[PDB]
Amino acid sequence: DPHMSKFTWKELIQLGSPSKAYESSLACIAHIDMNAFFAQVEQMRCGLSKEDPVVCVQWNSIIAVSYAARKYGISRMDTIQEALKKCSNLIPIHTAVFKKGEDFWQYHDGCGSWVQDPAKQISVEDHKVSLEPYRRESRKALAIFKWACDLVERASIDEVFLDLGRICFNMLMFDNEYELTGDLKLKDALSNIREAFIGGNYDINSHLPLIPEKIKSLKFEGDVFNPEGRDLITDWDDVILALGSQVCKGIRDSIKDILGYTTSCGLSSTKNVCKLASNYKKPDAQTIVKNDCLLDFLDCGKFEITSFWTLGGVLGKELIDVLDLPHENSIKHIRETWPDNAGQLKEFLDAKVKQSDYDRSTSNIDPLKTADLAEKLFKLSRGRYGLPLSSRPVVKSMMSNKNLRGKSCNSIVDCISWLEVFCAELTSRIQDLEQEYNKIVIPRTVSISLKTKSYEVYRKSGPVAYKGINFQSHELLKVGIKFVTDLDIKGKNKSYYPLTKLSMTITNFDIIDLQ
DNA sequence: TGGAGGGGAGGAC
DNA sequence: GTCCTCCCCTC
Ligand SMILES: Nc1ccn([C@H]2C[C@H](O)[C@@H](COP(=O)(O)OP(=O)(O)OP(=O)(O)O)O2)c(=O)n1
Ligand SMILES: [Mg+2]
Ligand SMILES: [Mg+2]
């Protein structure tokens with residue numbers, strides 16, 4: 001019915017449910033990504049400004065580039081020498097490090113491979129990286145996001161998704177202060193829908209009324225992706241998204257004012273579109289993708305099917321083959337080749353996998369789950385694939401890793417020396433989590449993984465005992481030593497020392513709430 | 001890249 | 001039944 005909204009009361013009311021808000025076509029999701037994160041952390045640690053060309057350095061690689069340094073053409077994974085050729089006033093700052101034989105990490109400022117003095121070197125032979133300064137700042141940001149929003153998923157060290165559903169719903173229905181103009185409040189613009197909601201006489205399966213003309217005065221905060229110049233507010237999804245953009249800006253300002261960090265943000269009805277949108281414009285920007293602009297955005301030429309989370313590896317490449325996708329404009333191709341429903345694509349997939357020709361042992365497509373795959377591709381190609389936000393435990397796993405150069409791990413005694421660093425590092429991380437979150441954090445399972453001189457991988461995992469935080473490092477080392485000596489035996493008569501990599505990972509934890 | 005963190009399949013136990 | 005090994009996803 002073109003006399004009514006495309007959306008129902010059900011879809012609007014479900015914004016107030018944390019468990020179901022994501023499946024609403026009115027969903028309002030934000031993806032927020034810290035700009036040049038490790039470089040910003042170092043900038044703030046060193047009392048530097050947004051104009052200083054900082055780069056964060058790990059061994060000889062630039063692993064984060066401030067926006068000031070980007071103006072010189074410096075890119076992530078430039079070598080430090082390459083970057084110095086591009087910018088005479090560069091401020092390279094090495095990550096913090098642990099020294100082999102010590103049990104604490106620190107910064108050695110003024111030191112690195114670009115320093116002439118051999119007294120101010122940070123040797124790859126005798127140190128390991130600590131990412132803990134970045135992890136600490138990430139946890140501080142997470143606390144601010146969770147204070148502002150009831151459903152936050154940490155997606156990586158510098159990324160979160162927010163479900164703004166409750167905030168948007170509540171603003172839409174109950175906010176009596178928000179002004180659209182000097183003469184018009186949100187409460188008056190929305191008098192019809194609020195009357196209906198408070199009156200309580202709607203049927204959940206009925207469509208909403210067409211939006212009132214007065215709500216078209218509501219503004220989006222940020223950059224609205226709109227190359228075709230479409231009308232900004234035409235249905236209730238736009239209203240919710242505009243309100244969400246106002247809230248998101250306030251949250252991002254809290255991050256900036258409290259921690260000092262600039263962010264980019266993407267706002268849309270789905271996690272996958274939000275993630276693309278947050279990367280569209282940087283630094284310090286919010287890109288908003290309206291439902292009516294989804295195809296304009298997805299087809300702008302920046303993106304392919306492999307741009308979507310889960311599709312950037314081997315499965316994505318198999319799909320390119322299986323679906324005969326072109327090398328460019330694959331998203332539009334999927335949309336137009338199976339234009340009506342996902343059943344069209346499922347039929348195509350079922351035929352491909354039913355062939356005796358198809359190798360189930362090497363494929364990453366589950367032949368029993370082609371309905372799910374077809375729906376996922378069908379909806380992703382339209383910007384309408386809604387995934388829930390998880391919200392994670394305090395920790396799930398914890399790894400300490402050292403890739404080894406030359407003969408720096410040439411025997412079991414060297415292995416154990418590095419394991420001692422790993423155990424000190426992990427125990428310190430666990431202790432910090434226990435204090436910060438008021439928990440008991442108990443490692444249950446440990447995995448040792450290593451690579452030989454010939455790059456062959458050897459792994460072993462198993463249980464670790466628990467005796468309290470004061471014995472944690474010892475308990476971890478006990479298992480580490482057992483596993484490295486077990487693997488040494490397994491490597492007998494084979495190419496082994498010197499190792500090229502050794503790592504320890506606590507792969508399973510128990511977490512106990514206190515208070 | 002190195003140095004992370006997430007997640008799951010399936011045979012071993 | 002759960003555990004261990006190996007593999008695939010991402011920043
Ligand atoms: N392969 C990678 C990718 C990233 N990082 C680190 C350094 C980054 O600062 C941080 C977050 O990654 P992003 O991809 O968000 O990159 P930045 O925040 O540095 O830059 P942008 O402003 O483009 O987000 O993780 C890393 O160590 N190894
Ligand atoms: Mg970032
Ligand atoms: Mg990122």
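Chain letters run A, B, ... following the sequence lines, proteins first, then strands; residues in each count from 1.
If you take CZ of A/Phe37 and P of B/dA4, they are 15 Å apart, rounded to a whole angstrom. Residue A/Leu142 contributes atom CG, which lies 15 Å from atom P of B/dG5 at whole-angstrom precision. Between A/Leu311 atom CG and C/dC9 atom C1' there is a gap of 10 Å when expressed in whole angstrom units. Atom NZ of A/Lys460 is separated from atom P of B/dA12 by 16 Å (rounded to the nearest Å). Atom NZ in A/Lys271 sits about 17 Å away from atom P in C/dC9, given to the nearest Å. Between the NZ atom of A/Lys451 and the P atom of C/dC7 there is a distance of 12 Å, rounded to whole Å. Computed from coordinates, the A/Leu502 CG to B/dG2 P distance equals 15 Å when rounded to whole Å. The separation between A/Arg444 atom CZ and C/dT2 atom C1' is 15 Å, rounded to whole Å.
Minimum atom distance to the side chain of A/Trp59 is reached by B/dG2, of the listed B/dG2, C/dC6, C/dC9. Nearest to the side chain of A/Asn364, among C/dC8, B/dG2, B/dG5, sits C/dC8. Checked against B/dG5, B/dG3, C/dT5, the side chain of A/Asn403 finds its nearest nucleotide in B/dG3. Distances from the side chain of A/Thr445 to the nucleotides C/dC4, C/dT10, B/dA4 place C/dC4 closest. Comparing atom distances between the A/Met399 side chain and each of B/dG6, B/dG5, C/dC8 picks out B/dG5 as nearest. Checking C/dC9, B/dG5, B/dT1 against the side-chain heavy atoms of A/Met77 singles out B/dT1 as nearest. Out of B/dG3, B/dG5, C/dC9, the shortest distance to the side chain of A/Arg429 is found at B/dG5. Among C/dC6, B/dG7, C/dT10, the nucleotide with an atom closest to any side-chain atom of A/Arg459 is C/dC6.
Ranked by how close their nearest DNA chain B nucleotide is to the 5' end, A/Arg392 and A/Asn401 are led by A/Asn401.
Between the A/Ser61 side chain and the A/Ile63 main chain, no donor and acceptor come within less than 3.5 Å of each other. No donor-acceptor pair closer than 3.5 Å links the side chain of A/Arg70 to the backbone N or O of A/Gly73.
Because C1'-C2'-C3'-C4' is positive for B/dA4, its sugar is assigned to the north class.
Among the atoms of the strands shown, base atoms are found under 4.0 Å from some heavy atom of A/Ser461. Counting non-hydrogen atoms under 4.0 angstrom, A/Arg154 reaches nothing in the nucleic acid. Base engagement by A/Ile63 is indicated by at least one non-hydrogen atom pair under 4.0 Å involving a base atom. Using a 4.0 Å heavy-atom cutoff across all strands shown, A/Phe308 reaches sugar-phosphate atoms only and no base atom. Counting any heavy atom pair closer than 4.0 Å across all strands shown, A/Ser400 reaches sugar-phosphate atoms only and no base atom.
You'll find the side chain of A/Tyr496 reaches within 4.5 Å of the side chain of A/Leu487, heavy atoms only. Contact of the A/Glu137 side chain with the A/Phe37 side chain is registered, since non-hydrogen atoms from C-beta on lie closer than 4.5 Å.
Taking side-chain N and O atoms only, A/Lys128 has no distance below 4.0 Å to OP1 or OP2 of B/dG3. Considering only side-chain N and O atoms, A/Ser397 lies under 4.0 angstrom from the phosphate OP1 or OP2 of B/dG6.
Salt bridge A/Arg252/A/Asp284: present, at least one basic N to carboxylate O contact under 4.0 Å.
Of the listed residues (A/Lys99, A/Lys100, A/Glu425), just one forms a side-chain contact (heavy atoms from CB on, under 4.5 Å) with A/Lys128, and that residue is A/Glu425.
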